[PDB]
Amino acid sequence: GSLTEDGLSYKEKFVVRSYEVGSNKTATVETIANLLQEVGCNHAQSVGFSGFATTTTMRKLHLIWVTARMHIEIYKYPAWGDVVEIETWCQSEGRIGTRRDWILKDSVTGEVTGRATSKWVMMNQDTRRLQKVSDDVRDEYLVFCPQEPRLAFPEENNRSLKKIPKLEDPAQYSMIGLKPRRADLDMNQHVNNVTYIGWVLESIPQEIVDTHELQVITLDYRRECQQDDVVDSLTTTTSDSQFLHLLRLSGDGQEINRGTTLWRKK
Amino acid sequence: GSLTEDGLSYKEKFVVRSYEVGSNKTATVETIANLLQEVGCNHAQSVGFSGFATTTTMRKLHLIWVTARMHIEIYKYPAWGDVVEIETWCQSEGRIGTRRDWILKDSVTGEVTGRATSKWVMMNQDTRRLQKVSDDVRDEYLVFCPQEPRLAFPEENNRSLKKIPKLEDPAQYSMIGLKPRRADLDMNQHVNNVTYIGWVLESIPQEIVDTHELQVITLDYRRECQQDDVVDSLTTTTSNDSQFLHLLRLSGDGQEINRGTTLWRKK
Ligand SMILES: CCNc1ccc(C)nn1
Ligand SMILES: CCNc1ccc(C)nn1
């Protein structure tokens, strides 16, 4: 793994492991979202950030970078034993926060097999208070970003920026009583962003998973699920097959996530 | 990853990933059990077997290798970003089945940071009926094994071969209503052997996990948990060091699926 010649992006190769693949012997979408997370952490580490991408100002201010949205689009899931090359870079989005992008490539053919974009915001780690990002914070990471815009999804009016609606009760399909275990936590004891993807997908009928492959997934993150919390995953078909998703806490019905998935017939 | 000079063992290096570590920034025991599984799968692939290590006779006969026991003992959990080198080899145990062993090593110092041994049995995949290993099946994989004994736990009185008792109700601690999700299944849609390790450990109090580190884990596998099954994880302390007794059973009928023990030392 290394930063590119200009130092404004990072690349890494991954050999697909036996436990990382699904019933069709290709990496699951959760293995992909994990690999994006891993190359993201390695790009931050290689540029000085020893908290993910927490600058010197943020560590003292008790501020952290938090995912607001993740959008992944896959064309070909890499096979077990294959090598996948991922390129990642960060970009400032003014006071809103940062945008981290990815390009997934086949290491033998060089063809793009997928792409991802994520939108991150800054919050206080002691309270969920969303912040508008200071000008002094910006200048600390802006030196590690390209200045000319470089977007993984440059298409004006594409899937990555579309507003997601709330799932109306009753749902078509559901997977109730989901609790995270220790393997679902990160090194800071918080639930891993990838687990929520798995939970959304748990309500999809097995018949869709068996006859279709996941093409697009957009996940809006609203609130975090704590260790002792229980979750309900809801799904309704809105149509290729398209779905509407809602993650909420089993008890009060408090929203934690919302999203959509797009699937193609195998 | 490659077979050694003699072709009777396999080695592979792994860089510890950010999502693979625990609160102490070192690989979890579940990341370790997964890495053992991965190097096991790669040693079988590099020698012809590509079902895990299914011979051409096991394939026609609908026979598979299933884990009966796993024993892992760790001295140092590798840090996030560190490189761990694992060496694996398989050995025949007559008609009982095979034994697959591992040596975990630090890639910078060469020191052994852990070791593991697993005992595998032959089973008919359709009827779930166990059976002794035939001569014809044996001759197919014996060529890939060392003939002189090579044991990861060679000791005369070792923890890897001790009989585990059943946990008597009521348990001291428990973690009720555990269901596997799709990320818990392998490529054949069966529950992954590593998930059961996570389920045993879910009943351990957080105060043990925070003040102690896992040293030894022995897991006996008796029955598999199906996709739609729900599991109960039970724990009772049996003891400077903390020792526990574990029992995994199906929430419904109380059917046993796993039993084991864990050994923890104060950080
Ligand atoms: C290049 C390292 N800097 C950053 C800042 C924020 C985010 C989300 N990612 N990366
Ligand atoms: C070299 C491949 N041979 C085998 C056979 C059985 C087992 C459990 N592992 N490995």
# chains A, B, ... in the order shown; residues from 1 in each chain; ligands from 1
call {"tool": "residues_near_ligand", "arguments": {"ligand": "ligand 1", "cutoff": "10 Å", "atoms": "only C-alpha atoms and all ligand atoms", "output": "PDB file with N, CA, C and O atoms, in the first residue's frame"}}
result
ATOM      1  N   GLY A   7       1.033  12.235  -4.162  1.00  0.00           N
ATOM      2  CA  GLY A   7       0.715  12.228  -2.742  1.00  0.00           C
ATOM      3  C   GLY A   7      -0.696  12.679  -2.404  1.00  0.00           C
ATOM      4  O   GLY A   7      -1.003  12.909  -1.235  1.00  0.00           O
ATOM      5  N   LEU A   8      -1.583  12.792  -3.411  1.00  0.00           N
ATOM      6  CA  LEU A   8      -2.963  13.243  -3.173  1.00  0.00           C
ATOM      7  C   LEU A   8      -4.020  12.127  -3.215  1.00  0.00           C
ATOM      8  O   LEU A   8      -5.209  12.429  -3.213  1.00  0.00           O
ATOM      9  N   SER A   9      -3.591  10.857  -3.267  1.00  0.00           N
ATOM     10  CA  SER A   9      -4.437   9.657  -3.268  1.00  0.00           C
ATOM     11  C   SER A   9      -3.603   8.421  -2.825  1.00  0.00           C
ATOM     12  O   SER A   9      -2.365   8.485  -2.824  1.00  0.00           O
ATOM     13  N   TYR A  10      -4.266   7.321  -2.424  1.00  0.00           N
ATOM     14  CA  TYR A  10      -3.588   6.132  -1.888  1.00  0.00           C
ATOM     15  C   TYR A  10      -4.093   4.854  -2.556  1.00  0.00           C
ATOM     16  O   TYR A  10      -5.298   4.719  -2.801  1.00  0.00           O
ATOM     17  N   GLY A  40      -9.007   3.414   3.551  1.00  0.00           N
ATOM     18  CA  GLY A  40      -9.254   4.742   4.114  1.00  0.00           C
ATOM     19  C   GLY A  40      -8.395   5.012   5.344  1.00  0.00           C
ATOM     20  O   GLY A  40      -7.774   6.076   5.450  1.00  0.00           O
ATOM     21  N   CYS A  41      -8.317   4.042   6.267  1.00  0.00           N
ATOM     22  CA  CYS A  41      -7.498   4.181   7.470  1.00  0.00           C
ATOM     23  C   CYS A  41      -6.023   4.248   7.085  1.00  0.00           C
ATOM     24  O   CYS A  41      -5.285   5.056   7.642  1.00  0.00           O
ATOM     25  N   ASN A  42      -5.591   3.412   6.117  1.00  0.00           N
ATOM     26  CA  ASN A  42      -4.191   3.407   5.687  1.00  0.00           C
ATOM     27  C   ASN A  42      -3.786   4.724   4.982  1.00  0.00           C
ATOM     28  O   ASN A  42      -2.671   5.186   5.186  1.00  0.00           O
ATOM     29  N   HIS A  43      -4.703   5.355   4.217  1.00  0.00           N
ATOM     30  CA  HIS A  43      -4.410   6.646   3.600  1.00  0.00           C
ATOM     31  C   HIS A  43      -4.224   7.716   4.693  1.00  0.00           C
ATOM     32  O   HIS A  43      -3.317   8.533   4.583  1.00  0.00           O
ATOM     33  N   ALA A  44      -5.028   7.678   5.766  1.00  0.00           N
ATOM     34  CA  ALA A  44      -4.922   8.632   6.876  1.00  0.00           C
ATOM     35  C   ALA A  44      -3.627   8.439   7.675  1.00  0.00           C
ATOM     36  O   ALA A  44      -3.034   9.405   8.141  1.00  0.00           O
ATOM     37  N   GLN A  45      -3.225   7.189   7.871  1.00  0.00           N
ATOM     38  CA  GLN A  45      -2.047   6.804   8.643  1.00  0.00           C
ATOM     39  C   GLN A  45      -0.782   7.245   7.924  1.00  0.00           C
ATOM     40  O   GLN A  45       0.141   7.771   8.549  1.00  0.00           O
ATOM     41  N   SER A  46      -0.739   7.033   6.605  1.00  0.00           N
ATOM     42  CA  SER A  46       0.415   7.379   5.794  1.00  0.00           C
ATOM     43  C   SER A  46       0.635   8.896   5.635  1.00  0.00           C
ATOM     44  O   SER A  46       1.636   9.290   5.047  1.00  0.00           O
ATOM     45  N   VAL A  47      -0.339   9.726   6.025  1.00  0.00           N
ATOM     46  CA  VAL A  47      -0.192  11.173   5.904  1.00  0.00           C
ATOM     47  C   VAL A  47      -0.084  11.888   7.278  1.00  0.00           C
ATOM     48  O   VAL A  47      -0.119  13.115   7.322  1.00  0.00           O
ATOM     49  N   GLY A  48       0.061  11.130   8.372  1.00  0.00           N
ATOM     50  CA  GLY A  48       0.248  11.713   9.689  1.00  0.00           C
ATOM     51  C   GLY A  48      -0.784  11.501  10.778  1.00  0.00           C
ATOM     52  O   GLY A  48      -0.463  11.722  11.951  1.00  0.00           O
ATOM     53  N   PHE A  49      -2.029  11.137  10.429  1.00  0.00           N
ATOM     54  CA  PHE A  49      -3.082  10.974  11.433  1.00  0.00           C
ATOM     55  C   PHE A  49      -2.946   9.662  12.217  1.00  0.00           C
ATOM     56  O   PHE A  49      -3.392   8.632  11.738  1.00  0.00           O
ATOM     57  N   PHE A  52     -10.111   8.067  13.584  1.00  0.00           N
ATOM     58  CA  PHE A  52      -9.892   8.101  12.137  1.00  0.00           C
ATOM     59  C   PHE A  52      -9.817   9.535  11.623  1.00  0.00           C
ATOM     60  O   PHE A  52     -10.788  10.284  11.735  1.00  0.00           O
ATOM     61  N   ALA A  53      -8.671   9.893  11.026  1.00  0.00           N
ATOM     62  CA  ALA A  53      -8.397  11.187  10.409  1.00  0.00           C
ATOM     63  C   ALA A  53      -8.572  12.382  11.349  1.00  0.00           C
ATOM     64  O   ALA A  53      -8.767  13.498  10.880  1.00  0.00           O
ATOM     65  N   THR A  54      -8.476  12.155  12.671  1.00  0.00           N
ATOM     66  CA  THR A  54      -8.582  13.230  13.657  1.00  0.00           C
ATOM     67  C   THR A  54      -7.338  14.079  13.593  1.00  0.00           C
ATOM     68  O   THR A  54      -6.236  13.582  13.831  1.00  0.00           O
ATOM     69  N   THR A  55      -7.503  15.353  13.251  1.00  0.00           N
ATOM     70  CA  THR A  55      -6.371  16.269  13.179  1.00  0.00           C
ATOM     71  C   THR A  55      -5.909  16.698  14.597  1.00  0.00           C
ATOM     72  O   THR A  55      -6.519  16.305  15.590  1.00  0.00           O
ATOM     73  N   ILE A  64     -14.783  14.322  16.292  1.00  0.00           N
ATOM     74  CA  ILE A  64     -14.545  13.135  15.462  1.00  0.00           C
ATOM     75  C   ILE A  64     -15.262  13.222  14.118  1.00  0.00           C
ATOM     76  O   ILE A  64     -16.339  13.814  14.012  1.00  0.00           O
ATOM     77  N   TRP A  65     -14.696  12.568  13.108  1.00  0.00           N
ATOM     78  CA  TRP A  65     -15.304  12.410  11.784  1.00  0.00           C
ATOM     79  C   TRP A  65     -16.289  11.243  11.892  1.00  0.00           C
ATOM     80  O   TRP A  65     -15.939  10.200  12.444  1.00  0.00           O
ATOM     81  N   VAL A  66     -17.532  11.439  11.429  1.00  0.00           N
ATOM     82  CA  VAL A  66     -18.626  10.472  11.507  1.00  0.00           C
ATOM     83  C   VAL A  66     -19.290  10.324  10.123  1.00  0.00           C
ATOM     84  O   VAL A  66     -19.503  11.335   9.462  1.00  0.00           O
ATOM     85  N   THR A  67     -19.585   9.073   9.668  1.00  0.00           N
ATOM     86  CA  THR A  67     -20.235   8.846   8.361  1.00  0.00           C
ATOM     87  C   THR A  67     -21.687   9.334   8.369  1.00  0.00           C
ATOM     88  O   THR A  67     -22.473   8.942   9.239  1.00  0.00           O
ATOM     89  N   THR A  88      -8.095   5.468  -3.141  1.00  0.00           N
ATOM     90  CA  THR A  88      -8.923   6.351  -2.325  1.00  0.00           C
ATOM     91  C   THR A  88      -8.322   7.739  -2.204  1.00  0.00           C
ATOM     92  O   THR A  88      -7.105   7.919  -2.297  1.00  0.00           O
ATOM     93  N   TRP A  89      -9.188   8.725  -2.062  1.00  0.00           N
ATOM     94  CA  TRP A  89      -8.824  10.118  -1.880  1.00  0.00           C
ATOM     95  C   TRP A  89      -9.925  10.869  -1.133  1.00  0.00           C
ATOM     96  O   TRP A  89     -11.095  10.492  -1.180  1.00  0.00           O
ATOM     97  N   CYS A  90      -9.535  11.949  -0.481  1.00  0.00           N
ATOM     98  CA  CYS A  90     -10.404  12.824   0.274  1.00  0.00           C
ATOM     99  C   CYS A  90     -10.584  14.171  -0.427  1.00  0.00           C
ATOM    100  O   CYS A  90      -9.697  14.617  -1.166  1.00  0.00           O
ATOM    101  N   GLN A  91     -11.697  14.856  -0.140  1.00  0.00           N
ATOM    102  CA  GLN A  91     -11.921  16.190  -0.679  1.00  0.00           C
ATOM    103  C   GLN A  91     -12.785  17.039   0.246  1.00  0.00           C
ATOM    104  O   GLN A  91     -13.744  16.544   0.826  1.00  0.00           O
ATOM    105  N   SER A  92     -12.433  18.325   0.399  1.00  0.00           N
ATOM    106  CA  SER A  92     -13.207  19.228   1.248  1.00  0.00           C
ATOM    107  C   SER A  92     -14.535  19.597   0.562  1.00  0.00           C
ATOM    108  O   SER A  92     -14.573  19.773  -0.654  1.00  0.00           O
ATOM    109  N   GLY A  97     -18.572  19.342   5.452  1.00  0.00           N
ATOM    110  CA  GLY A  97     -17.627  18.326   5.898  1.00  0.00           C
ATOM    111  C   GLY A  97     -16.765  17.834   4.753  1.00  0.00           C
ATOM    112  O   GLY A  97     -16.552  18.557   3.787  1.00  0.00           O
ATOM    113  N   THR A  98     -16.269  16.600   4.851  1.00  0.00           N
ATOM    114  CA  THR A  98     -15.434  15.984   3.824  1.00  0.00           C
ATOM    115  C   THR A  98     -16.218  14.925   3.028  1.00  0.00           C
ATOM    116  O   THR A  98     -17.241  14.415   3.484  1.00  0.00           O
ATOM    117  N   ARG A  99     -15.705  14.587   1.847  1.00  0.00           N
ATOM    118  CA  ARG A  99     -16.214  13.539   0.986  1.00  0.00           C
ATOM    119  C   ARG A  99     -15.025  12.612   0.717  1.00  0.00           C
ATOM    120  O   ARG A  99     -13.965  13.094   0.295  1.00  0.00           O
ATOM    121  N   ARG A 100     -15.152  11.312   1.023  1.00  0.00           N
ATOM    122  CA  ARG A 100     -14.086  10.367   0.717  1.00  0.00           C
ATOM    123  C   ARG A 100     -14.571   9.472  -0.402  1.00  0.00           C
ATOM    124  O   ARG A 100     -15.662   8.909  -0.285  1.00  0.00           O
ATOM    125  N   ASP A 101     -13.782   9.354  -1.500  1.00  0.00           N
ATOM    126  CA  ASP A 101     -14.138   8.544  -2.678  1.00  0.00           C
ATOM    127  C   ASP A 101     -13.219   7.328  -2.920  1.00  0.00           C
ATOM    128  O   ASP A 101     -12.103   7.274  -2.405  1.00  0.00           O
ATOM    129  N   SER A 118     -18.508   8.487  -0.102  1.00  0.00           N
ATOM    130  CA  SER A 118     -19.039   8.639   1.248  1.00  0.00           C
ATOM    131  C   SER A 118     -18.997  10.113   1.635  1.00  0.00           C
ATOM    132  O   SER A 118     -18.049  10.816   1.266  1.00  0.00           O
ATOM    133  N   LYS A 119     -20.003  10.573   2.390  1.00  0.00           N
ATOM    134  CA  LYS A 119     -20.068  11.942   2.887  1.00  0.00           C
ATOM    135  C   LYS A 119     -19.937  11.894   4.427  1.00  0.00           C
ATOM    136  O   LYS A 119     -20.656  11.154   5.076  1.00  0.00           O
ATOM    137  N   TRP A 120     -18.936  12.603   4.987  1.00  0.00           N
ATOM    138  CA  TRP A 120     -18.648  12.580   6.416  1.00  0.00           C
ATOM    139  C   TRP A 120     -18.875  13.951   7.047  1.00  0.00           C
ATOM    140  O   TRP A 120     -18.603  14.970   6.423  1.00  0.00           O
ATOM    141  N   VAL A 121     -19.338  13.981   8.300  1.00  0.00           N
ATOM    142  CA  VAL A 121     -19.538  15.231   9.039  1.00  0.00           C
ATOM    143  C   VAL A 121     -18.723  15.194  10.349  1.00  0.00           C
ATOM    144  O   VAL A 121     -18.335  14.116  10.807  1.00  0.00           O
ATOM    145  N   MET A 122     -18.505  16.358  10.976  1.00  0.00           N
ATOM    146  CA  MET A 122     -17.795  16.404  12.246  1.00  0.00           C
ATOM    147  C   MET A 122     -18.727  16.602  13.433  1.00  0.00           C
ATOM    148  O   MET A 122     -19.576  17.496  13.416  1.00  0.00           O
ATOM    149  N   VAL A 137      -9.415  24.040  11.188  1.00  0.00           N
ATOM    150  CA  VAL A 137      -9.414  22.586  11.019  1.00  0.00           C
ATOM    151  C   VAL A 137      -9.164  22.233   9.552  1.00  0.00           C
ATOM    152  O   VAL A 137      -8.344  21.368   9.260  1.00  0.00           O
ATOM    153  N   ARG A 138      -9.872  22.915   8.637  1.00  0.00           N
ATOM    154  CA  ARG A 138      -9.787  22.744   7.188  1.00  0.00           C
ATOM    155  C   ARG A 138      -8.343  22.722   6.689  1.00  0.00           C
ATOM    156  O   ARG A 138      -7.897  21.698   6.174  1.00  0.00           O
ATOM    157  N   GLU A 140      -5.643  22.104   7.971  1.00  0.00           N
ATOM    158  CA  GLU A 140      -4.799  21.016   8.433  1.00  0.00           C
ATOM    159  C   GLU A 140      -4.877  19.787   7.526  1.00  0.00           C
ATOM    160  O   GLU A 140      -3.851  19.151   7.294  1.00  0.00           O
ATOM    161  N   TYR A 141      -6.056  19.485   6.966  1.00  0.00           N
ATOM    162  CA  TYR A 141      -6.185  18.341   6.063  1.00  0.00           C
ATOM    163  C   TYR A 141      -6.275  18.711   4.580  1.00  0.00           C
ATOM    164  O   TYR A 141      -6.088  17.841   3.732  1.00  0.00           O
ATOM    165  N   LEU A 142      -6.552  19.983   4.262  1.00  0.00           N
ATOM    166  CA  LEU A 142      -6.677  20.480   2.882  1.00  0.00           C
ATOM    167  C   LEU A 142      -5.407  20.233   2.051  1.00  0.00           C
ATOM    168  O   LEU A 142      -5.484  20.062   0.829  1.00  0.00           O
ATOM    169  N   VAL A 143      -4.242  20.214   2.713  1.00  0.00           N
ATOM    170  CA  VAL A 143      -2.979  19.950   2.044  1.00  0.00           C
ATOM    171  C   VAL A 143      -2.880  18.495   1.523  1.00  0.00           C
ATOM    172  O   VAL A 143      -2.051  18.221   0.661  1.00  0.00           O
ATOM    173  N   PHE A 144      -3.726  17.575   2.026  1.00  0.00           N
ATOM    174  CA  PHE A 144      -3.743  16.169   1.606  1.00  0.00           C
ATOM    175  C   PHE A 144      -4.837  15.842   0.564  1.00  0.00           C
ATOM    176  O   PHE A 144      -5.004  14.676   0.203  1.00  0.00           O
ATOM    177  N   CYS A 145      -5.550  16.870   0.069  1.00  0.00           N
ATOM    178  CA  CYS A 145      -6.653  16.747  -0.876  1.00  0.00           C
ATOM    179  C   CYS A 145      -6.313  17.346  -2.216  1.00  0.00           C
ATOM    180  O   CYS A 145      -5.686  18.403  -2.264  1.00  0.00           O
ATOM    181  N   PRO A 146      -6.837  16.779  -3.319  1.00  0.00           N
ATOM    182  CA  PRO A 146      -6.671  17.460  -4.615  1.00  0.00           C
ATOM    183  C   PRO A 146      -7.503  18.760  -4.597  1.00  0.00           C
ATOM    184  O   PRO A 146      -8.563  18.830  -3.933  1.00  0.00           O
TER     185      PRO A 146
END
call {"tool": "residues_near_ligand", "arguments": {"ligand": "ligand 2", "cutoff": "6 Å", "atoms": "only C-alpha atoms and all ligand atoms", "output": "list in words"}}
result
residues 44, 53, 65, 90, 98, 100, 120, 141 and 144 of chain B
call {"tool": "residues_around", "arguments": {"residues": "segment 180-197 of chain A", "least_positions_apart": "3", "cutoff": "6 Å", "atoms": "only C-alpha atoms", "output": "list in words"}}
result
residues 200 of chain A; 22 and 23 of chain B
call {"tool": "write_last_selection", "arguments": {"atoms": "C-alpha atoms", "output": "mmCIF file, in the first residue's frame"}}
result
data_model
loop_
_atom_site.group_PDB
_atom_site.id
_atom_site.type_symbol
_atom_site.label_atom_id
_atom_site.label_comp_id
_atom_site.auth_asym_id
_atom_site.auth_seq_id
_atom_site.Cartn_x
_atom_site.Cartn_y
_atom_site.Cartn_z
ATOM 1 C CA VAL A 200 -30.195 -3.756 6.075
ATOM 2 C CA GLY B 22 -10.082 -5.095 19.645
ATOM 3 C CA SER B 23 -10.008 -2.290 22.272
#
call {"tool": "atom_distance", "arguments": {"atom1": "atom CA of residue 217 of chain A", "atom2": "atom CA of residue 259 of chain A"}}
result
7.4 Å
call {"tool": "residues_around", "arguments": {"residues": "residue 188 of chain B", "least_positions_apart": "5", "cutoff": "10 Å", "atoms": "only C-alpha atoms", "output": "ChimeraX atom specification"}}
result
/A:22-25 /B:51
call {"tool": "select_by_dssp", "arguments": {"residues": "segment 23-146 of chain A", "states": "strand (DSSP E or B)", "output": "NGL selection string"}}
result
:A and (26-27 or 63-74 or 79 or 83-93 or 95 or 98-106 or 112-124 or 130-131)
